[PDB]
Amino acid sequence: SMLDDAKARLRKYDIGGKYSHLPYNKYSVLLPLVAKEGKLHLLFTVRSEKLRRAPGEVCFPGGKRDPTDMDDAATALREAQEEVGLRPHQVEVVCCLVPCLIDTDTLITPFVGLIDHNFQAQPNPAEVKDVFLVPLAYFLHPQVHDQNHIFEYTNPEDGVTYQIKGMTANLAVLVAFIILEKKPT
């Protein structure tokens, strides 16, 4: 199946807990895969302007680990629930991808999760100004604009254009390569 295939691909890139104990300022993000109209999509947020970290940016759901979190995956899930209403039972965490080192003292750990088809986003306006989907295939042939490289994605449902950049754009490309490379049509 499309989903069994995607999960099988993703598991080959799982680093698991290999980097999880290192003494960093720790953040997790959830890369949420959603199947619609027979294709995979990634779910993104636009962060509220009110935030301290990345205000107004296109980001995956996520945030800073807190003492309650059993592990780095729990961080991702807690933060996704708080931001977009995603409950734990609505997500299957498939793997942990390469972590992203920033600012010399920070480690961001990305988790890919498959999202239940009955999930409907409920954007929390204190955290998120918008929640949107991009087809995963877009990241193989993106519309690039140079400021460094920025992707522009125009939702054909409404004509709205989103700018995706930095680590968020880099992860979206990685996931697209992992899942979509070398497939029969």
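Heads up, when I say rigid core I mean the largest set of C-alphas that superpose within 1.5 Å between the two forms. In this text, residue numbers run from 1 along the sequence as written.
- For the pair 48-56 and 138-146, greater average C-alpha departure from the shown form in 7 other deposited structures of this protein after core alignment is found in 48-56.
- Unmodelled residues of the deposited sequence between neighbouring positions residue 147 and residue 148 number 10 or more.
- Set 151-159 against 58-66 and average the Cα temperature factors; 151-159 ends up higher.
- The mean C-alpha temperature factor is higher for 138-146 when 38-46 and 138-146 are set side by side.
- Ranked within its chain, residue 85 lands in the middle third, by CA B factor from the PDB record.
- The entry lists a Cα temperature factor for residue 19 that places it in the highest third of the chain's modelled residues.
- Ranked against the other modelled residues of its chain, the C-alpha B-factor of residue 104 as given in the entry falls in the highest third.
- Split the chain's modelled residues into thirds by C-alpha temperature factor. Residue 123 is in the middle one.
- Annotation for residue 97: CA B-factor lies in the middle third of the chain's modelled residues.
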